[PDB]
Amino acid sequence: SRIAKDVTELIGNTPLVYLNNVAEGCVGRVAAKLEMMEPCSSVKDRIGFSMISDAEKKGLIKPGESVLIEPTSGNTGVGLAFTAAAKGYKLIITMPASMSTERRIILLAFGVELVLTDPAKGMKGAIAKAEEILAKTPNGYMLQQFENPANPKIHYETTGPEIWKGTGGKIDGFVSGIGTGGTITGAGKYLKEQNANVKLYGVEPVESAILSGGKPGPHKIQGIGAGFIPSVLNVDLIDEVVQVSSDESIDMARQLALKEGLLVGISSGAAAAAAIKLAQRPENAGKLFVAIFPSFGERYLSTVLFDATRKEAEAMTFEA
């Protein structure tokens, strides 16, 4: 072994683990790619670095000169943040003021310059403020995770290979929750090049299943269901779109912790749920499905993912 030059060399190479008791009834086999083990708990630690790095290399940005700007009340904020911190880049993040406190404490801790927007305008308002800021900023540079090719390209260079080599090339299906689409599109493309028979299953909210003809709407599965088809997503690579409800995902996420000792985010419950359904299809007996667990569940303690246990925790008094 060796010592990392810096935190950025710690990104990727996340572990693969088999789902045991939650996968009851499966004739197929399900392995989870724990992106929750990234330096900052999520898969965005990958694109956070990639998008920055790709700009540097293309000479588009210089530390302490360029001002990174990006609208996101999600994991991309953190990914970029910790990476900007290590590399010495000023980062500005926009997000609806709605987004709970805890989610700001973290970006601030990294020296992020936070700009909250009208909570009623959602991400649409955040995006505006971001471009408005871009216009105002001399050396401003917006990353645009849904447009930026460095997003899927990193998954094609790391995530995909990692899975291929980690499963021994035996992977039959790749289950991925679709947010920007960078993961399913990048990693998917690679796996497909290794084995054309590798099926890619995209996962979206039954409440906002737009890739299935559905109309966009609100759901609770943070991390996915953008309510629109991202530029980086390559729908042609998707072999099947599986839909999961917020409730399913939440129940699964909860089973993953209780039965597997895996404290995952709700979107992980989504992929886990889908992956398992697929693994239960008789024709898939013997097949290896790798589902991606995008984030660790501890960052979502305030969210609905823990409403039950949370109310229980507050309602409990001490025993003498």
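Note that residue numbering follows the sequence shown and begins at 1.
When 225-233 is weighed against 137-145, 137-145 comes out higher, by mean CA B-factor as recorded in the entry. Remark: stretch with higher mean C-alpha B factor among 195-203 and 99-107 is 99-107. The top Cα temperature factor in the record, among 250, 81, 238, 120, falls on 120. Taking the deposited Cα B-factors for 43, 51, 31, 61, the highest one is held by 61. For residue 66, the recorded CA temperature factor ranks within the highest third of the chain's modelled residues. In the PDB entry, a CA B factor belonging to the middle third of its chain's modelled residues is recorded for residue 279. In the PDB entry, a CA B factor belonging to the highest third of its chain's modelled residues is recorded for residue 190. In the PDB entry, a CA B factor belonging to the lowest third of its chain's modelled residues is recorded for residue 210. Per the PDB record, residue ranking by Cα B-factor puts residue 125 in the highest third of the chain.
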